[PDB]
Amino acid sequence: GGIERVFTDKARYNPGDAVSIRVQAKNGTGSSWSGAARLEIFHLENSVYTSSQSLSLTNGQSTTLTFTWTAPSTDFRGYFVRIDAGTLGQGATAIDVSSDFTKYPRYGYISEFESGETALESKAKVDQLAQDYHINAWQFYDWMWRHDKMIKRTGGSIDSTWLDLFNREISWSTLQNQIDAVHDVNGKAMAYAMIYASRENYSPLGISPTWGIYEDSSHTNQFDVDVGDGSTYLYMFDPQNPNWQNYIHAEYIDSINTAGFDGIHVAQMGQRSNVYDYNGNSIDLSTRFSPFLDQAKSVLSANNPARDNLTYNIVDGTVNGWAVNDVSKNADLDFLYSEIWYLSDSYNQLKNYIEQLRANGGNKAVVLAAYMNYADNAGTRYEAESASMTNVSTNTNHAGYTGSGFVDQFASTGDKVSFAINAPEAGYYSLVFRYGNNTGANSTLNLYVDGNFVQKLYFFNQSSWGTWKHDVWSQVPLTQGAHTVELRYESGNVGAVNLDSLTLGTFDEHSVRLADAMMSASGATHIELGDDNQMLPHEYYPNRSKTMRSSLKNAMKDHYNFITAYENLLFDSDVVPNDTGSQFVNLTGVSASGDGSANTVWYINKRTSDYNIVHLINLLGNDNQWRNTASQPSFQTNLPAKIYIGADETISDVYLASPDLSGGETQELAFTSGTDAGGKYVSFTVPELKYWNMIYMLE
């Protein structure tokens, strides 16, 4: 398919906006090509536009066609887009018509703001997410100077740079440029801010400890957060206290008006117990965010209804988890957001949590933060003891190492380890080192790639020498083919390490497709893409300890088209579970389950006013954790399926759309029904199941 890309200028359109569908093509079949480009746009199963254009290309040549469309007056509609060019190829994209991003958030992030970033580089990184995945809002992570003094001013004047709490340079022009670029794609820019945090030494800013929350009832220890340099701390505060609300809401408003943000992403540290105010009163923090969020929304909307967007992080998401009910039910948020840790590990546990959220929020959209392959050091491993070491030998004395051993006593000047690696395709590669360090402090080593120094690299001190870690990395660009990565213990390097391996930090395509399918099926979206086409590997968004390869980038384009086009079926306000009916799916040859059981095909049972919807999630040959890496599922071809229904439900037609299958185009299938011992049925053959099928049946 030498139809290379299909996309749109903007990332969400309004009803009646012009819409420019672009089509990048390129002939590479030896000799000229003449024919047409047949654009066809669907709403679920109904073609609603069709158009054609002449196209001829010599061998080798490229062009970009524009097709122009008018978004239909019906607000809040997702559309599939087909382009066919006969033997040249095909491609696809989706279009979302919504006056408001908060009905169908597709949430990304920006976390870098270097002053070396030209306005053009800024526009290019934003355009890529907008075009490839239809992002409609970006969370700006760690843009602020201080958590309690977000825009840094000298007098009245705004400082053109400032240093954030890990000492990064944040550039105001870069920041402003990004927000404009976001705004070009009719994007929205959400500002990160904590609900309760000041930085240290907050008194001369006129913040009062009397507004604080405390570990005890003598106001002797304020809750805090050691960021870990001995100076830099977050101190926590009472969200219901009016003076705190006043102080911090003011900086919220300052950010909207001064920086041009469209709303605020309010965060929190999560759960805390046996909590007191300054005066000594015991208080349940879990119920206290809703009042603050309510008042937040109220001043944001008075300040400016066009830029009054709001959400809150419900941290450690699970069914009836901490502050889960109070926030989701009573907090005046525009869409719900939750960071999942280790209390919803099964695909099913997580399906049930999203379900609770949708229920409690009145089917208002849910986004999850769920960092994939977090625990796992995934990607291609290059063993340190297979490699080329100057002045150091292998050992096997401390345990937990991988392959045959590791390199010891990387202690002394002129020590060296060199990895002869190969990079399948051009692009960014995460260099992830597994190490030991029990020196007593940080150890350092210098990182050379292809004879050039990249970085000094700090290895953290650990409990024992038997304690291995892989949380030291460097992202570097690479041409396809052989390359040399080496560490040198040079002059200025300190301490010592054991070295176990180099891994090319890579997200695992299989886990991720499944995790996303699961979430979208269940009714959610996943903040997972940001900056220059990075995927989110950690809670600290600037972490680049893992990269997607072309393969997963393709999968996500397919996926994000999918949850854009069929968004009315996944996320609309009347898309509810279809649970009360002993409902059952029968599959010939393969065992199924409705509770996401390892090594099965998981049917999930949802419905709307007009459609009966089954999702199938191929867990064949794979376990039931959502977060861990995975094997390629057992691909099923020509698969007989049987679906049961209520006696008052007759099926006009039956459709199956899947992102694993023709970019997610809908296909109609052959089917009749009858009746038998286990209720009234309907049946058909599933042509292919790979990762995720969305069967939707019109009634």
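For every residue, the number given is its place in the sequence shown, counted from 1.
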Of 77 to 85 and 166 to 174, the stretch with the higher mean C-alpha B-factor in the deposited entry is 77 to 85
On average, are the C-alpha B-factors higher in 38 to 46 or in 642 to 650?
642 to 650
Tell me which of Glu339, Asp408, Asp142, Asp531 tops the list for C-alpha B factor in the record.
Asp408
Looking at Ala399, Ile283, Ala197, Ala191, which has the biggest Cα B factor in the entry?
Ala399
Splitting the chain's C-alpha B-factors into thirds, which one does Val614 fall into?
highest
Ranked against its chain, the third holding the CA B-factor of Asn442
middle
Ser111: C-alpha B-factor third of its chain, per the entry, is the lowest
Place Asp277 in the lowest, middle or highest third of its chain's C-alpha B-factors, as listed in the PDB entry.
middle
Looking at the temperature factor on the CA atom of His470, which third of the chain's modelled residues does it land in?
lowest
